[PDB]
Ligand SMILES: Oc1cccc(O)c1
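Below sits a lone chain in structure tokens, taken as the form deposited without the named molecule.
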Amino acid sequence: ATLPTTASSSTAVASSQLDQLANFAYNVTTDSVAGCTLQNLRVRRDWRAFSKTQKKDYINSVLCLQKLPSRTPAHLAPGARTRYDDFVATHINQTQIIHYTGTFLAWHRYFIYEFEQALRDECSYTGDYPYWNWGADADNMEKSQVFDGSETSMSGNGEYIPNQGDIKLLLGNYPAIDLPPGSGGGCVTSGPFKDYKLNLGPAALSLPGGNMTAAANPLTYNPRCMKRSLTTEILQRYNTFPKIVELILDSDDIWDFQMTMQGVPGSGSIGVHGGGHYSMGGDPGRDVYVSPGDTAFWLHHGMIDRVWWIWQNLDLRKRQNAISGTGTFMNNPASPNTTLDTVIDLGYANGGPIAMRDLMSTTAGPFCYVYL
């Protein structure tokens, strides 16, 4: 079998191209497994592949972390109430050193893995890690099994608010990127997270109209509802199967991969990573720091990690350990290059400090899983 070399403009085959690439990556991962053996190798799976009661087992475990008390010392994050908040808080705390950095991909890989460990160790979860395949939902976000509002979604849309202005995304002094406000605006109307209390932020919440709300200290207590405004137009622009495959096949090195993924500034594109986030609309959906406060975050980054994993396995010799970038957001201010010895941590959320070299592979260090 010879793999696709050029992304198709046809949605139907772009999807199949993606599946081929994934199959190859799956093949590479499995037979390289012949700590981590084929036996104890976990499989992360598309949300759609979960059955009703499996969906709910996951949801319930998450609701469990949203009920268990926070481990973060109150004086460090006064707003944190739950174990779940512990994760949100560390993400807020470290936002300026984990996006547009050399550590971005590996940090989020570790973040979601440790989230998973919390689910298993504290909330008795025994099911698989879920991911959200953007491409399948690119035409109707409201019908996504992740966002349909049912008892098996991560809740759905937010209360509709008429005539919201556009979202204006800034970075540096580049011209804004303009996005539609979606079909919601307010508190989520249904599903398992309808009564979920969002406790932290806003740190930097983009608002319809172009304004931004920012607490003096986004780690203080600010209990409020989760708001969404599902915006299908955004997925259509940045997260279609052709766009996904394009990112994989046109990215010749780790720099181009991660930059294309996140959206290079000034380019008018926010990539699959930005698209996934901003398509949720609402709050913290539109807050780069507080985004894990939206429960769909974990599924989104499941998919982010998948896409990275695929890209790596297309040329494992060159890509397995590939790193580019520094330890500061867009290298502002300048910091040293990230290396295999760079140490990251998730503060009080879970786990301990760990070096980049131990994160590069989904079947070494603490990791032992594959994506189906």
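Numbering starts at 1 and follows the sequence shown.
The protein also exists as the form deposited with the named molecule bound; that form is not presented, and the subsequent description refers to it.
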property	result
Distance check, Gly285 to the named molecule in the bound PDB entry, heavy atom within 4.5 Å	yes
Partner proximity in the bound PDB entry: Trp132 to the named molecule, non-hydrogen atom cutoff 4.5 Å	no
Partner proximity in the bound PDB entry: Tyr278 to the named molecule, non-hydrogen atom cutoff 4.5 Å	yes
The named molecule contact in the bound PDB entry: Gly274, any heavy atom under 4.5 Å	yes
Location of the named molecule contact in the bound PDB entry, chosen stretch of 141-149, 179-187, 287-295, 122-130 [non-hydrogen atom, 4.5 Å]	287-295
Residues of 94-113 having any heavy atom within 4.5 Å of the named molecule in the bound PDB entry, listed in sequence order	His99
